[PDB]
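Encoded as structure tokens, the following chain is the form deposited in one PDB entry, with no partner shown.
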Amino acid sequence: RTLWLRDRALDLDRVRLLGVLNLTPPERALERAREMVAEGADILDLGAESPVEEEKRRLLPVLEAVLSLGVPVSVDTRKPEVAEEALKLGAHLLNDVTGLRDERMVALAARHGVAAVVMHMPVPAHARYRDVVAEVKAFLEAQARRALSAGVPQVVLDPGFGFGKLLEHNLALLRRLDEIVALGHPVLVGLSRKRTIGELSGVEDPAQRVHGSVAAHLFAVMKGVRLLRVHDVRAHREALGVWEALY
């Protein structure tokens, strides 16, 4: 399988990394991108919303600069206004947190010939499900179908670990992640420094959760995932160097 990135195709024959760059409370962020690129990041994932709509000042300035590195860039935004601007600047992947529930986001991606990420999260986010795996699978597939039939070239599915989900829900989704991978679409996961990792590894500080995050991600890779959103790029590249040679 391959991942379409607006004007290039990335093969998923090996695990690919999306290096996270959080622009939430500059030129001191461009070197961090060049830093992750040097560490092995395949895609740079920029997000500015944890805010008002003029979050364009938090993103666009950095986005344009980062785009000059020649590396694919994913933009995390809910607002179609922000996305459209990011796309006409060169964005390669549209990461919709609200699971593309916004028809404007769908239309945008289809119009720019860019793939979109469909992440799961409660309609609103209450962590209450009759069957979390069955429900998330259904939502992801249904949203993907809507996007594809609307013109979006490709859809990436993200279970949305941590979003409206308690430990039991995140565990269930991870254990049956192969079933989400079996829907055919490329699957993306991001458990870096998340509460789930803290809960299972006993690490109080989110900033010190690299080992549990790597462990969770290797498990996801074993389940068939080939796209990971991570904070510690180098740690994952080193771990994958070993893992991919053994599995």
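Just count from 1 along the sequence shown to find any residue number.
The form deposited with a small molecule bound is left out here; the points below concern that form.
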Exercise: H185 in contact with the small molecule in the deposited complex, heavy atom 4.5 Å: no
Heavy atom of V152 within 4.5 Å of the small molecule in the deposited complex: no
4.5 Å heavy atom contact, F139 and the small molecule in the deposited complex: no
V20: touches the small molecule in the deposited complex, heavy atom cutoff 4.5 angstroms: yes
Option from 218 to 226, 55 to 63, 34 to 42, 190 to 198 whose residues, in the deposited complex, bring a heavy atom within 4.5 Å of the small molecule: 190 to 198
Of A107, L89, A134, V97, the one that lies within 4.5 Å of the small molecule in the deposited complex (heavy atoms): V97
